[PDB]
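Read the structure below first, then the notes.
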Amino acid sequence: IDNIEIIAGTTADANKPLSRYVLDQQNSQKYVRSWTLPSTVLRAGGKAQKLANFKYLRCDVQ
Amino acid sequence: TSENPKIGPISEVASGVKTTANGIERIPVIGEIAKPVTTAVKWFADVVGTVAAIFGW
Amino acid sequence: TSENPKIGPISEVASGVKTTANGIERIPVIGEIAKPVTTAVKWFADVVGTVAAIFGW
Amino acid sequence: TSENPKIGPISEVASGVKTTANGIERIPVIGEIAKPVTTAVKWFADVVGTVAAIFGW
Amino acid sequence: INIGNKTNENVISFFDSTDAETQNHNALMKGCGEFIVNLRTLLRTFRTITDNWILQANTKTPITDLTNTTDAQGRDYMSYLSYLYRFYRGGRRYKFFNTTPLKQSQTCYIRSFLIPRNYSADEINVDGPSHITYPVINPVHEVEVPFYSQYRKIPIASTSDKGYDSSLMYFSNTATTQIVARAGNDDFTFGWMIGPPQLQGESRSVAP
Amino acid sequence: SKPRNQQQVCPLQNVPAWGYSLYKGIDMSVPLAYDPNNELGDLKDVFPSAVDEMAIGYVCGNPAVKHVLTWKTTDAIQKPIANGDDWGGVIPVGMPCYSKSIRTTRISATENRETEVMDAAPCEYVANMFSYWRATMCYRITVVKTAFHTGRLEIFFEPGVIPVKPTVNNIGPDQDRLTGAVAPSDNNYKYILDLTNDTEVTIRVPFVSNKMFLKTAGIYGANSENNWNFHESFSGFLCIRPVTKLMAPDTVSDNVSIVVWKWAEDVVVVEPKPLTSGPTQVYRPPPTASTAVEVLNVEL
Amino acid sequence: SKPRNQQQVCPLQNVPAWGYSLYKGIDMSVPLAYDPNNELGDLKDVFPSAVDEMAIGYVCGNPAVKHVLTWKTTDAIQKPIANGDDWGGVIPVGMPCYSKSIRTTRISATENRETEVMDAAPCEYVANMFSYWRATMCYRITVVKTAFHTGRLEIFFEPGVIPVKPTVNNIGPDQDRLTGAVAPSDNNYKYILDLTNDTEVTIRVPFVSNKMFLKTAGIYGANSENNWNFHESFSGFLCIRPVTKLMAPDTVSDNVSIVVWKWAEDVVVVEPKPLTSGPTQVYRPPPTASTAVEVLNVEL
């Protein structure tokens, strides 16, 4: 799904750790990467064809 | 025999028929409540019977 | 079997599980209250069942 | 076993010690009421125990 | 003395005194008289969510005009414990303590109805199970909304699918003002735990 | 057939909602339903976990990271590790919260409105609901290092009053009174962790005090003018000092990080009312730094 | 002989008519009778039928004709049969009502008062009393034909959102999106009825949805501006399309009729309050087209 690389460094944002507090919404917690679910795993790897023409689903995203 | 933390729950109930209560099977009406013309309606039971309260005493 | 000078104290209680109530042991939820889909919730017990009060009589 | 024309008189009572209640004899306190840390105070009895009412059910 | 990080966690307990479950039970026979085990039982105690809920006469008011303001605050237990969880289930109870400077020359009554969640007042009927009290003789209006849901559990701030479970609607012939105190019913519970948010302290408004 | 009354005149009191604040009883609220026995079934196949997720055991047994320290190769021995985060290598042993930030915004050009914001663990968040607490506190001290960072680390427990510097708006610790000269750890309960292969250590500090319960006030409203309820909430502090200086080659980093997890076991609480001056209010973070927050009153 | 009170002060609340909206309890209404046990006997020899004529099973199991279609010899294959009645060969699977007429009368010369009139089956009439429903819907599709009309007919089920054309005052279906090109029935549950000898087919569509119950709002107040509660009331639609074109000689009629009966089995309902905006009001047909109807308010 994804392939992260972190070079340290770093002036960028993925190396910035968890702040102890959040005082306002413009100082949110920075994260390396997010993944919405299950809509990422259903699109990727040709799983979209093998659950087309169905309606309902249960799953546990491993 | 019913799980409830209130001591005796409500309105002590009688018995009925043997079927499923919905899902069409033509439920008979005479079987639902069990009070025909007999010693089971309490006002005909008081004069069959003949308790003292039907005479005003 | 509980020492109390009030005659029957409050809200008659059911039973549960075998563990300590705090001090982490992953308390199961299905064991706490004992009302599955059976003759133990009083509204499913009245139509399994089929008492006269579910028919309005 | 007590002569009284009121039906059950008041506040159903527990038991105590063997002595005279005044007239100095150093009455022990632990013997007066009989509720140590055991299944006899009703709130420790509900979690020893583990009735359904301590879980909100 | 090889090279490489390792594992094998060393649980150490200071102060070899006495097993703690004996010491806790011996400390609540002398300081409490009660033993709060579960947080579910704090959802059955009525805590007041407001102190002055001012309304106007002849106006059907949903409780979601009040609850939507006080869910964010976290004052009572159903809004403070809801920040640890993501789902809920079960009905809710309400009490409406009267604090109105009432007149004798009118007859005040308090109706209560059902709306589904987040509808307004004009897009629902009044033909349902109701309850009426008279605050001149019974100043506390006690009502319980059941769990009439399409789903087996309800999230927080869902999609445009609205009106999927029931709620309360308030009505009164006079402009009243009340103290609302809610709690869950005998089936109410949260679930599916997450971590807590932050808390808020004082506000001094310092001199510089 | 219509006989007379033989029953006595019963005494009466007109109390609507007698004891509404108790968790157990018989509630007088009318259901807006069809059935007076309106009752959902059990929690089988409702939530994705069949564990009672509301027990005080289960909620307070959720660990959370209170400290991420930084132990340099320059830091002295027998001196508490104070780099990066506030409170340093001084962890107050206790269920309440001890660290707070202060947000300062402007009302006018001559006035600032301060606001105390508190980072809560899922055990510190539950103790704020109650007045007094009593629990066995657990800690897991974990060192983020390579296979080539070696050192030794001391974690000793010191009961009672914490050595603190009360500021005008907050309370910080005092690292000047916790050096090896003035504060020897020769009599405390201590653990000397080796860092050549081993990383973690779990410490279970029981409840030791001269009180049956400790307050749950904590850092709420604590400053120079008011700091009594802070000291009477913890009964102890763990202190992390190096025994041996951090030995590291030049081909690795000159830092390690000490991550401290926190949870609690054997938790009992007392009174279902917060001991704080104001209500329990969840801090909703504002959109912009210039904007304000919600201020809950106390007048009725 | 006249002893003192030993009974406690009982707590009290002055609630007249506690829980009058529940079906079960003990009712405080004084009989205007002679006997406090005033009680009629059973229903033996009262009504001409000894069947419980008020069970939800018995009431909803009364079939009613929702569609009388017209399948010509000119209609194309794989295209839903839309001749005569509204909604065509698209039957929304569901207990509520989906079809409504609109009566338009004049208040002034510049204003028209519209009124929605709904044809109800004896299962659609019961679901309007309640808020949510859940039932196994049954259908009987019957072809009115001779022994010389032969054809084949397809009835497939498609779950979810119905392809509709929202008008400014009503909702109609969309036959443009249900042709054989754009909507293939190769994956649906389908029945291919032969019409050489056989006439009827009974289809029992169970309850399939991602919801435990569906709304009973239906076509009430549904238009372009408001159509959400329409889609969340049915979960599916049967669609009747020809596989083979209607084969008929010249000595018979060029039409057949498809009559669709509707009832329900395994019916459960939820909440004894209608989900509609207004009350349940029976449409009393006025004497003349120019006259008006009764308008029930909602103010108290």
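Residue numbers start at 1 in each chain; chains themselves are named A, B, ... in the order of the structure tokens; ligands are numbered from 1 in the order shown.
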
Distance cut-off 7 Å, counting only C-alpha atoms - which residues of chain A neighbour chain F? Return them as a CSV table (one decimal) with C-alpha atoms, in the first residue's frame.
chain,number,residue,atom,x,y,z
A,21,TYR,CA,0.3,19.5,24.2
A,23,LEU,CA,-3.0,24.4,22.4
A,24,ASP,CA,-4.9,25.2,19.1
A,25,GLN,CA,-5.9,23.4,15.9
A,26,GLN,CA,-3.0,25.0,13.9

For this session: Fewer than 5 positions away in the same chain doesn't count, so skip those; otherwise give me all residues within 8 Å of residue C:21, counting only C-alpha atoms, as a list in words.
Result: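 The residues that qualify are residues 27 of chain C; 47 and 50 of chain D; 37 of chain E; 55 and 57 of chain F.
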
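Straight-line separation from atom CA of residue G:165 to atom CA of residue G:88: 12.9 Å.
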
For this session: Skip residue F:12 itself and residues of its chain fewer than 2 positions away, then list as number ranges by chain all residues within 12 Å of it, counting only C-alpha atoms.
Result: F: 9-10, 14-15; G: 7-14

Please produce a file of those selected residues containing C-alpha atoms, as a CSV table (one decimal), in the first residue's frame.
chain,number,residue,atom,x,y,z
F,9,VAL,CA,-53.6,6.6,58.5
F,10,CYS,CA,-50.2,6.3,56.8
F,14,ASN,CA,-44.1,14.7,49.3
F,15,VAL,CA,-40.6,14.1,47.9
G,7,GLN,CA,-44.7,2.4,60.1
G,8,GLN,CA,-42.2,4.7,58.4
G,9,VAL,CA,-42.8,8.0,56.5
G,10,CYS,CA,-43.3,6.8,52.9
G,11,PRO,CA,-41.9,8.9,50.1
G,12,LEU,CA,-44.4,10.1,47.6
G,13,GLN,CA,-44.9,11.7,44.2
G,14,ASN,CA,-48.1,13.2,43.0

Exercise. Chain B residues within 12 Å of chain C, counting only C-alpha atoms: which ones, as a PyMOL selection string?
Worked result: chain B and resi 1-22+27-35

Problem set entry | Point-to-point distance from atom CA of residue G:143 to atom CA of residue G:170, Å rounded to tenths | 28.8 Å

If the cut-off is 8 Å, can you tell me the residues of chain F near chain C, counting only C-alpha atoms? I'd like them as an mmCIF file with N, CA and C atoms, in the first residue's frame.
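Result saved to part.cif:
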data_model
loop_
_atom_site.group_PDB
_atom_site.id
_atom_site.type_symbol
_atom_site.label_atom_id
_atom_site.label_comp_id
_atom_site.auth_asym_id
_atom_site.auth_seq_id
_atom_site.Cartn_x
_atom_site.Cartn_y
_atom_site.Cartn_z
ATOM 1 N N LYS F 24 -28.283 2.900 42.464
ATOM 2 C CA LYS F 24 -29.109 1.722 42.655
ATOM 3 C C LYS F 24 -30.404 2.116 43.334
ATOM 4 N N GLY F 25 -31.502 1.573 42.832
ATOM 5 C CA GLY F 25 -32.814 1.877 43.368
ATOM 6 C C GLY F 25 -33.889 1.539 42.374
ATOM 7 N N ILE F 26 -35.038 2.187 42.535
ATOM 8 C CA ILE F 26 -36.174 2.020 41.639
ATOM 9 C C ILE F 26 -36.586 3.403 41.161
ATOM 10 N N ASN F 37 -42.049 -3.442 30.506
ATOM 11 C CA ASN F 37 -40.817 -4.221 30.635
ATOM 12 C C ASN F 37 -39.919 -4.033 29.417
ATOM 13 N N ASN F 38 -39.812 -2.793 28.942
ATOM 14 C CA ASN F 38 -39.019 -2.504 27.747
ATOM 15 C C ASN F 38 -37.546 -2.651 28.103
ATOM 16 N N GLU F 39 -36.904 -3.659 27.522
ATOM 17 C CA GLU F 39 -35.611 -4.120 27.992
ATOM 18 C C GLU F 39 -34.844 -4.730 26.841
ATOM 19 N N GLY F 41 -31.674 -6.807 25.184
ATOM 20 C CA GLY F 41 -30.947 -7.994 25.589
ATOM 21 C C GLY F 41 -29.533 -7.685 26.022
ATOM 22 N N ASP F 42 -28.736 -8.736 26.154
ATOM 23 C CA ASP F 42 -27.342 -8.589 26.560
ATOM 24 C C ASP F 42 -26.492 -8.001 25.426
ATOM 25 N N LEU F 43 -25.228 -7.748 25.729
ATOM 26 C CA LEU F 43 -24.295 -7.171 24.768
ATOM 27 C C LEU F 43 -23.611 -8.175 23.845
ATOM 28 N N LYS F 44 -24.256 -9.310 23.581
ATOM 29 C CA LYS F 44 -23.717 -10.290 22.654
ATOM 30 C C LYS F 44 -23.882 -9.784 21.227
ATOM 31 N N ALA F 50 -15.802 -8.335 23.403
ATOM 32 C CA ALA F 50 -16.652 -8.842 24.485
ATOM 33 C C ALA F 50 -16.002 -8.675 25.863
ATOM 34 N N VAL F 51 -15.123 -7.685 26.006
ATOM 35 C CA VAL F 51 -14.495 -7.355 27.278
ATOM 36 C C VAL F 51 -15.258 -6.167 27.847
ATOM 37 N N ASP F 52 -15.503 -6.175 29.160
ATOM 38 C CA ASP F 52 -16.185 -5.061 29.805
ATOM 39 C C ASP F 52 -15.258 -3.853 29.769
ATOM 40 N N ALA F 55 -14.936 -1.163 33.125
ATOM 41 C CA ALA F 55 -14.435 -1.450 34.466
ATOM 42 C C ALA F 55 -13.257 -0.532 34.771
ATOM 43 N N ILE F 56 -13.150 -0.097 36.023
ATOM 44 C CA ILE F 56 -12.080 0.817 36.426
ATOM 45 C C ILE F 56 -10.720 0.124 36.288
ATOM 46 N N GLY F 57 -10.701 -1.196 36.478
ATOM 47 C CA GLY F 57 -9.527 -2.010 36.161
ATOM 48 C C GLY F 57 -9.102 -1.900 34.703
ATOM 49 N N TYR F 58 -10.060 -2.024 33.798
ATOM 50 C CA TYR F 58 -9.749 -2.026 32.368
ATOM 51 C C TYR F 58 -9.407 -0.639 31.840
ATOM 52 N N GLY F 61 -5.999 0.489 33.364
ATOM 53 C CA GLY F 61 -4.931 -0.392 32.910
ATOM 54 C C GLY F 61 -4.532 -0.148 31.461
ATOM 55 N N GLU F 265 -2.914 -0.240 38.827
ATOM 56 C CA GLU F 265 -3.572 -1.488 39.207
ATOM 57 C C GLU F 265 -4.139 -1.347 40.610
ATOM 58 N N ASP F 266 -5.109 -2.211 40.925
ATOM 59 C CA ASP F 266 -5.773 -2.268 42.240
ATOM 60 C C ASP F 266 -6.383 -0.931 42.639
ATOM 61 N N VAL F 267 -7.158 -0.359 41.725
ATOM 62 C CA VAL F 267 -7.633 1.007 41.868
ATOM 63 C C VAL F 267 -8.916 1.031 42.669
#

I'd like the contact shell of residue E:52 - 12 Å cut-off, only C-alpha atoms, skipping same-chain residues fewer than 4 positions apart - returned as an mmCIF file with N, CA and C atoms, in the first residue's frame.
data_model
loop_
_atom_site.group_PDB
_atom_site.id
_atom_site.type_symbol
_atom_site.label_atom_id
_atom_site.label_comp_id
_atom_site.auth_asym_id
_atom_site.auth_seq_id
_atom_site.Cartn_x
_atom_site.Cartn_y
_atom_site.Cartn_z
ATOM 1 N N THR E 48 -26.745 16.926 36.920
ATOM 2 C CA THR E 48 -27.398 18.047 36.264
ATOM 3 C C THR E 48 -26.528 18.582 35.135
ATOM 4 N N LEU E 66 -30.454 21.474 23.499
ATOM 5 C CA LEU E 66 -29.653 21.571 24.721
ATOM 6 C C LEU E 66 -28.492 20.576 24.761
ATOM 7 N N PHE E 96 -36.736 16.960 34.974
ATOM 8 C CA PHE E 96 -36.940 18.372 34.711
ATOM 9 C C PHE E 96 -37.455 19.042 35.969
ATOM 10 N N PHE E 97 -36.523 19.518 36.790
ATOM 11 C CA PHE E 97 -36.868 20.179 38.038
ATOM 12 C C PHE E 97 -37.341 21.594 37.713
ATOM 13 N N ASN E 98 -38.512 21.965 38.220
ATOM 14 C CA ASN E 98 -39.100 23.252 37.905
ATOM 15 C C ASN E 98 -38.456 24.358 38.739
ATOM 16 N N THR E 99 -38.127 25.477 38.093
ATOM 17 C CA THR E 99 -37.641 26.678 38.782
ATOM 18 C C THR E 99 -38.315 27.941 38.246
ATOM 19 N N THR E 100 -39.606 27.855 37.947
ATOM 20 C CA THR E 100 -40.318 28.953 37.306
ATOM 21 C C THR E 100 -41.065 29.776 38.347
ATOM 22 N N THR E 176 -41.290 28.457 30.858
ATOM 23 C CA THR E 176 -40.701 27.874 32.050
ATOM 24 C C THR E 176 -39.182 27.972 32.032
ATOM 25 N N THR E 177 -38.582 27.601 33.155
ATOM 26 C CA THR E 177 -37.133 27.558 33.301
ATOM 27 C C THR E 177 -36.776 26.450 34.287
ATOM 28 N N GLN E 178 -35.842 25.589 33.897
ATOM 29 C CA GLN E 178 -35.689 24.292 34.544
ATOM 30 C C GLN E 178 -34.250 23.919 34.839
ATOM 31 N N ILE E 179 -34.108 22.812 35.561
ATOM 32 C CA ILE E 179 -32.833 22.174 35.833
ATOM 33 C C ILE E 179 -32.908 20.768 35.242
ATOM 34 N N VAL E 180 -32.152 20.544 34.174
ATOM 35 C CA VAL E 180 -32.173 19.278 33.462
ATOM 36 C C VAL E 180 -31.057 18.392 34.002
ATOM 37 N N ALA E 181 -31.391 17.142 34.316
ATOM 38 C CA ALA E 181 -30.425 16.181 34.834
ATOM 39 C C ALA E 181 -30.647 14.843 34.165
ATOM 40 N N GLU F 299 -22.048 29.705 39.218
ATOM 41 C CA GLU F 299 -23.282 30.217 39.818
ATOM 42 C C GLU F 299 -24.490 29.425 39.327
ATOM 43 N N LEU F 300 -25.482 29.297 40.197
ATOM 44 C CA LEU F 300 -26.646 28.448 39.936
ATOM 45 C C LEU F 300 -27.854 29.269 39.500
#

For this session: Report as a PyMOL selection string: the residues of stretch 73-191 of chain G with a DSSP assignment of strand (DSSP E or B), based on the backbone of this structure.
Result: chain G and resi 90-92+100-106+112-118+132-144+150-158+164-166+171-173+189-191

Write out the residues from the selection above, keeping C-alpha atoms, as a PDB file, in the first residue's frame.
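Dumped everything to selection-v5.pdb:
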ATOM      1  CA  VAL G  90     -40.611  -1.379 -11.035  1.00  0.00           C
ATOM      2  CA  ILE G  91     -42.049  -2.575  -7.722  1.00  0.00           C
ATOM      3  CA  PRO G  92     -40.198  -1.239  -4.649  1.00  0.00           C
ATOM      4  CA  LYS G 100     -49.272   8.828  -4.354  1.00  0.00           C
ATOM      5  CA  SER G 101     -51.654  11.012  -6.322  1.00  0.00           C
ATOM      6  CA  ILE G 102     -51.870  14.780  -5.970  1.00  0.00           C
ATOM      7  CA  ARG G 103     -55.209  16.595  -5.835  1.00  0.00           C
ATOM      8  CA  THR G 104     -55.047  20.261  -6.828  1.00  0.00           C
ATOM      9  CA  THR G 105     -57.838  22.698  -5.948  1.00  0.00           C
ATOM     10  CA  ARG G 106     -58.044  26.489  -5.912  1.00  0.00           C
ATOM     11  CA  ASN G 112     -53.496  26.257  -5.725  1.00  0.00           C
ATOM     12  CA  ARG G 113     -53.780  23.999  -2.667  1.00  0.00           C
ATOM     13  CA  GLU G 114     -52.199  20.603  -3.345  1.00  0.00           C
ATOM     14  CA  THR G 115     -52.974  17.440  -1.374  1.00  0.00           C
ATOM     15  CA  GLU G 116     -51.191  14.083  -1.490  1.00  0.00           C
ATOM     16  CA  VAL G 117     -53.466  11.022  -1.628  1.00  0.00           C
ATOM     17  CA  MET G 118     -51.985   7.554  -1.073  1.00  0.00           C
ATOM     18  CA  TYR G 132     -39.634   1.270  11.636  1.00  0.00           C
ATOM     19  CA  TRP G 133     -40.441  -2.069   9.984  1.00  0.00           C
ATOM     20  CA  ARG G 134     -38.855  -5.420   9.189  1.00  0.00           C
ATOM     21  CA  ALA G 135     -40.680  -8.103   7.229  1.00  0.00           C
ATOM     22  CA  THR G 136     -40.483 -10.831   4.616  1.00  0.00           C
ATOM     23  CA  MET G 137     -42.358  -9.388   1.647  1.00  0.00           C
ATOM     24  CA  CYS G 138     -44.403 -11.686  -0.570  1.00  0.00           C
ATOM     25  CA  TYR G 139     -45.545 -11.011  -4.135  1.00  0.00           C
ATOM     26  CA  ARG G 140     -47.730 -12.945  -6.557  1.00  0.00           C
ATOM     27  CA  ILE G 141     -47.231 -11.969 -10.186  1.00  0.00           C
ATOM     28  CA  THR G 142     -50.149 -13.114 -12.319  1.00  0.00           C
ATOM     29  CA  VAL G 143     -50.542 -12.764 -16.082  1.00  0.00           C
ATOM     30  CA  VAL G 144     -54.010 -12.249 -17.548  1.00  0.00           C
ATOM     31  CA  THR G 150     -46.910 -17.084 -25.145  1.00  0.00           C
ATOM     32  CA  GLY G 151     -43.894 -15.200 -23.852  1.00  0.00           C
ATOM     33  CA  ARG G 152     -41.189 -15.227 -21.214  1.00  0.00           C
ATOM     34  CA  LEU G 153     -40.842 -12.759 -18.384  1.00  0.00           C
ATOM     35  CA  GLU G 154     -37.992 -11.855 -16.029  1.00  0.00           C
ATOM     36  CA  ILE G 155     -38.397 -10.730 -12.423  1.00  0.00           C
ATOM     37  CA  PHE G 156     -35.085  -9.785 -10.811  1.00  0.00           C
ATOM     38  CA  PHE G 157     -34.340  -8.263  -7.420  1.00  0.00           C
ATOM     39  CA  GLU G 158     -31.900  -5.364  -7.107  1.00  0.00           C
ATOM     40  CA  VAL G 164     -35.918   7.429  -9.612  1.00  0.00           C
ATOM     41  CA  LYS G 165     -36.867  10.702 -11.290  1.00  0.00           C
ATOM     42  CA  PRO G 166     -37.652  13.221  -8.529  1.00  0.00           C
ATOM     43  CA  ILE G 171     -41.204  10.750  -7.251  1.00  0.00           C
ATOM     44  CA  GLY G 172     -41.428   8.547 -10.335  1.00  0.00           C
ATOM     45  CA  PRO G 173     -39.035   5.806 -11.435  1.00  0.00           C
ATOM     46  CA  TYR G 189     -31.545 -13.073  -8.163  1.00  0.00           C
ATOM     47  CA  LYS G 190     -34.045 -13.593 -10.957  1.00  0.00           C
ATOM     48  CA  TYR G 191     -36.944 -15.798 -11.986  1.00  0.00           C
TER      49      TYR G 191
END
